[PDB]
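**Student:** Here you go, one structure.
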Amino acid sequence: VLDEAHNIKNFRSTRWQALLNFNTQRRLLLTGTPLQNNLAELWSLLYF
DNA sequence: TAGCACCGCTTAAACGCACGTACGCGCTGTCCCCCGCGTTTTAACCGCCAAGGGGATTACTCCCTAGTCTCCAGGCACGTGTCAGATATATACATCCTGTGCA
């Protein structure tokens, strides 16, 4: 689980890459109101 | 022609040995500072936010530069002559001996 997924928003960040590499069986992303953000970040999250 | 070898005097630098003394080491007590450790503070990076500047590399294009052969005539190097210095030895008395005439 990731809380406050809005912090993930930048796929260019190193933490985004690290998190993506982490082997997991299921993933849950929790954030208040991501839809506020530009489409690009939404795509990033969906790619995650 | 510069190094090698043997001659063979002349010191003097090495050497053995003697005495002592002041230096190095063993042990002392002291005390202060720098380690082992705990708590606070600072320096640094991630991510924000994505670039523009300007720098090093790369190439083309003359052209100027001194690599080249060559003559001219020299100024620099190899040597001999001259001048000076350090060494050598007479001298004008220096430092004295010694028979003998004088007090």
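Position one of the first sequence corresponds to residue 822 (the entry's author numbering), numbered consecutively onward. We put the beta carbon where it would ideally sit given N, CA and C, even for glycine.
(1) For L823, which beta-bridge partners are listed by DSSP?
(2) Just reading off the alpha helix (DSSP H) that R836 is part of, what are its end residues?
(3) Quick check: the Cα distance between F832 and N858, rounded to an integer number of angstroms?
(4) Quick check on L866: buried or exposed, where buried means 16 or more other Cβ atoms within 10 Å of its Cβ?
**Tutor:** To lay it out plainly:
(1) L850
(2) 835-842
(3) 14 Å
(4) buried
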